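Trainee: Here it is, the structure in full.
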Amino acid sequence: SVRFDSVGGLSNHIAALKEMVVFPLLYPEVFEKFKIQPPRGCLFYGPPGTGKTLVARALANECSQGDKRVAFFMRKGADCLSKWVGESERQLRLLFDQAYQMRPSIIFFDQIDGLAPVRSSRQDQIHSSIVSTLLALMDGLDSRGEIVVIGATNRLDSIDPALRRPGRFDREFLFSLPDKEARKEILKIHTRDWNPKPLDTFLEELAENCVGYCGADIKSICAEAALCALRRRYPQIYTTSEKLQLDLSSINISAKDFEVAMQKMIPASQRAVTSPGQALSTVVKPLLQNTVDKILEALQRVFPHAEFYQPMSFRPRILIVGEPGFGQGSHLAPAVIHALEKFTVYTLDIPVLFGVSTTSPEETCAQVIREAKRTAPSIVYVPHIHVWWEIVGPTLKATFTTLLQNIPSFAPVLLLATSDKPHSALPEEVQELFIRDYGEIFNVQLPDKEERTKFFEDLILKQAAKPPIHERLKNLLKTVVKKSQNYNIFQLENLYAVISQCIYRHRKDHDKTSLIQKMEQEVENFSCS
Amino acid sequence: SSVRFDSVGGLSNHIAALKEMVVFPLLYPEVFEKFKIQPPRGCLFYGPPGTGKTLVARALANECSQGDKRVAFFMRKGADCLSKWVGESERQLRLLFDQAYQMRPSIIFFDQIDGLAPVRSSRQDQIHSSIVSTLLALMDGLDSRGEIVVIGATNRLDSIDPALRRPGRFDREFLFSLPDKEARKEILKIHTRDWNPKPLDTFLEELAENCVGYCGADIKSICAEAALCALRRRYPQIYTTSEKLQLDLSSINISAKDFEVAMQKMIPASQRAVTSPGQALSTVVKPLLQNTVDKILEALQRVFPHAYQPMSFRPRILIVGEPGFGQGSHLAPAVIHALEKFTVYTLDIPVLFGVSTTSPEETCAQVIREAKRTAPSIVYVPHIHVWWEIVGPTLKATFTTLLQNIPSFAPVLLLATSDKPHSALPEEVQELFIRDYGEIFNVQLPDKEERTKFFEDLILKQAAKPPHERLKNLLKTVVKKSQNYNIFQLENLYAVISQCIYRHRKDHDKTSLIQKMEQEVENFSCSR
Ligand SMILES: Nc1ncnc2c1ncn2[C@@H]1O[C@H](COP(=O)(O)OP(=O)(O)OP(=O)(O)O)[C@@H](O)[C@H]1O
Ligand SMILES: Nc1ncnc2c1ncn2[C@@H]1O[C@H](COP(=O)(O)OP(=O)(O)OP(=O)(O)O)[C@@H](O)[C@H]1O
């Protein structure tokens, strides 16, 4: 029994939808003033779990509380199929007759994509017949009354082109994944009636830590946490096999319960394809934070839409270049992509183009470019262009070059790429796409002495000098930081692991100085060049 | 239920040629028997979706139903005759025909006939073949059905059994194309007739040219969304209440900004699944290339006279220019958009390969055949100097052979753009253009006047907003310094200029951004 209250972050859509069916049943004077006859059709589409069905259910539950009373008809995917020849096209006719009898009413076709495909001469005739009769019913010789048709779909492009037209489906609503803000309202709604209400700061600090959670993940995590407290409180519940009596007044939920559930589950989005966004690990942050900030500020210079009448830009493009082993295409670009949320990102790389065996790669590229254009602004991600170029046939190169050229000049679509060879060493065809004079090239340099000092600061001496459950180590830190003053990233974290290995080697030694000499031997025995 | 040959607009030839079939034999019956004519009694409407077909049927039925001469009317859906029992699938058609004959004259209407009579084939069931057979043998066989007229409608004409399409069964076919400039104005006149504050005709005429690619139901939906937007602008407090309020029906007038918002929010029905290869100049870039567009149009008028009947012989043209001059991205789409009422067929890399499950040769043959069917038309091949190298010899031979078989005097234009000069283009391309005839156009950079007109609007008026001699100095310096830049450099400079105006929005005092504009002027250097 939800009535326009469990929804979160969707204000414009509900306003349009209540303009959609409620106004003619409430204010039948403005419409007759100019003979408007407002529209009677909608179409929902988007990634799963965004609240596609909850909106319809809330509408049906709310509007049934008349006056004015509103009926409802719900249908599954392909209920209108039978073995004989003359029933499938008759179920729709009798359904329309019944709905017209009790007008006004609402007819909701659930997942029309499995009912009305694109017309073709290759498949069976039954699909053509049913799509034809459905097409005739919506707008025939006689006009239908006060019926409203609603449809949902996961693949918008698979619908017959003759259905999308003023008269049948004249409005298309895009349901996207929730942004940073809406998660707060979702958490508030799902955790409303709790006696120990969590503070708004608690909810917000949970909010920035959940990226890629889509509607149902939030509901799942709220229920996967209240069970951790139950399991912790009364461990001896599984042993028995009979009814027990409990004490439900001291099982209040704590903050520490949320962390375990968060580490245990994964979002629905990052379940079938890896998401091309990862925040820096807690170990690498005090080594690359400043560089990442510099990259984003340069992007802000070149991409005005990254601020936080409209800004105007002209073909935003950026490229990151640096020596191999600098971690540019492995740690920097994912962090940059993750920092810029609320922007849909599409991946174009070797694993994806050849990762499907049913379609040509150029078809995939055209589809990706079209989808990027449709929902601008967006970021097109393509890593390691210096190897990416000399792998595909000339046809794909020409198609990619032309498709990008046809985008409107002021359309804010970003092109992000990374390379290992220097700019002058790249092939020319790449070269006349980056205009460094304009400020489209960013170079990478190794971190300074203070950053490297902070990198090893925590290990020595806080973890090594940690009691099992102090001056020579300064010289060890000095010699380590002076020795590693010309190391790339990979060598830097490689050296970090080997020391932690001998750190973990000595769990139960309460007497020190039995491994400090081992430490100073290991740091000098190790040699990389 | 109150439409009678008046709510229809823009269709005159079809309605004129239609009433001569179901009215003339009854109104003037003393002429046909002199020549024993038995005039044709078959029609089949077809066209792109949303062009207003069923409205014609509704108007005809409503007009003929009420009048001095009474004629019956029967209606059918797509495949509403099929029944589970074997003996009832085809018997319903016989009963319907008998009833129609018993009450002659009468009218039989099939809606979406393509869902009832597919082409006969051996790779499907038998009931469809049986229905097709009895239909084609029952309409005109050994009995001379007499005065019965059959009308069908569909969107896919090529999916009809050819045995049904020959005189005797389906006599005439009518083409329902998208409305042009004048028809859109007429349908606007039709759809806004009963408004108390009657809009001026000069407003509708101006608005008509803005709605390119629209057709029928799109116009009808716009005319309603406009009123909804007006109600939105007038009483924005209506959505935060679950109770009826008190409304005053005196301040609900319509303004132009409402139509602007509605047009911005909406997109046409035709180019929804794909994109048409035609776009007009944006307002920002417009005051730079109208002279070039007009010169190009004059060149076409010299070569293509369709812009006594005019005569032409294989019209061709080729726009060439240096890279960065903006000929393959700003000029050709403008020409295509300006020359409307000619159906377009694009042909380039993203279309030849972008769709799989077919061969390029099939696509190119189909495009040319279709363009020949709907002559006159336009064939567009952009970026020829690269398009000529990413195709195999087979496609080259097929294309070079196809355009030689078309009739010589048919008006089939071929349009293409090039970047390298015509001298450097390879062989077999230089012989397709006969520039001695005047088949080659050369572009050149815009001069000082339009350059100044481009920047004066931004740097004189927009630069000084309520929320001054040095402005002339900045304008003249900017114009002087950029007298050798191409289109891309000009738009980049425009954007980098506008960035400062954006970023200094909330400062009430000027002279803080004029300096910033200066350093932007000297610090910004192009590559050239
Ligand atoms: N704003 C929201 N508030 C509460 N629950 C939401 C919200 N958005 C999505 N949901 C969750 O999604 C469900 C309703 O939509 P649901 O996710 O079942 O449809 P969908 O998966 O998007 O569409 P389909 O299942 O057809 O692909 C509810 O069970 C609810 O937990
Ligand atoms: N020239 C016109 N004059 C008036 N109304 C028009 C015109 N063209 C289109 N329309 C409007 O557009 C609608 C088109 O409906 P109709 O079913 O007749 O077209 P259709 O192409 O047969 O539809 P579909 O393709 O969906 O079967 C009509 O209801 C009509 O009001």
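Numbers in chain B come straight from Swiss-Prot, and the residues shown are 421-727, 786-945, 1330-1390, in order.
Going by what the header records, the deposited coordinates were determined by electron microscopy, 4.3 Å.
For all residues, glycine too, the Cβ spot is worked out from N, Cα and C.
Positions annotated as ATP binding site by Swiss-Prot: B:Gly467, B:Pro468, B:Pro469, B:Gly470, B:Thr471, B:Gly472, B:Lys473, B:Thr474.
I'd like to know what surrounds each of these features in this structure.
Mentor: The Cβ neighbour count for B:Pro469 (ATP binding site), using a 10 Å radius and every protein chain shown, is 19. Taken residue by residue with DSSP, B:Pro469 (ATP binding site) is part of neither helix nor strand, so it is coil.
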Trainee: Which of B:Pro469, B:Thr471, B:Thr474 (binding-site residues) reach within a Cβ distance of under 8 Å of chain A?
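Mentor: Contact set vs A: B:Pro469, B:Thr474.
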Trainee: I'd like the Cβ neighbour count for B:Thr471 (ATP binding site), meaning other Cβ atoms within 10 Å of its Cβ, all protein chains included.
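Mentor: For B:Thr471 (ATP binding site), the 10 Å Cβ neighbour count is 22.
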Trainee: Tell me which residues of the chain lie with their Cβ under 8 angstroms from that of B:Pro468 (ATP binding site), as long as they are six or more apart in sequence?
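Mentor: Listed in sequence order, they are B:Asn575, B:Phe596, B:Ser597, B:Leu598, B:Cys635, B:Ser690.
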Trainee: Return the residues near B:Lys473 (ATP binding site) by Cβ distance under 8 Å, restricted to its own chain and a separation of at least 6 in sequence.
Mentor: B:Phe465, B:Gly467, B:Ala573, B:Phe596
Trainee: So which of the binding-site residues B:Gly467, B:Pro469, B:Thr471, B:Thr474 sit close to ligand 2, that is, with a CB under 6 Å from an atom of it?
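Mentor: Among the binding-site residues listed, those whose Cβ sits under 6 Å from ligand 2 are B:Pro469, B:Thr471, B:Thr474.
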Trainee: Within 8 Å of the centroid of the Cβ atoms of B:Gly467, B:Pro468, B:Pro469, B:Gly470, B:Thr471, B:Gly472, B:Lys473, B:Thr474, which other residues of that chain place their own Cβ, given that this set defines the recorded ATP site?
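Mentor: In sequence order, the nearby non-listed residues are B:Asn575, B:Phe596, B:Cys635, B:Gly636.
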Trainee: Using CB atoms and a 10 A radius, I'd like the single residue among the binding-site residues B:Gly467, B:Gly470, B:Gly472 with the highest neighbour count.
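Mentor: When each Cβ's neighbours within 10 Å are tallied, B:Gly470 leads.
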Trainee: Within 10 Å of the Cβ of B:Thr474 (ATP binding site), how many other Cβ atoms can be counted across all chains shown?
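Mentor: Neighbour count, Cβ to Cβ under the 10 Å cut-off: 16.
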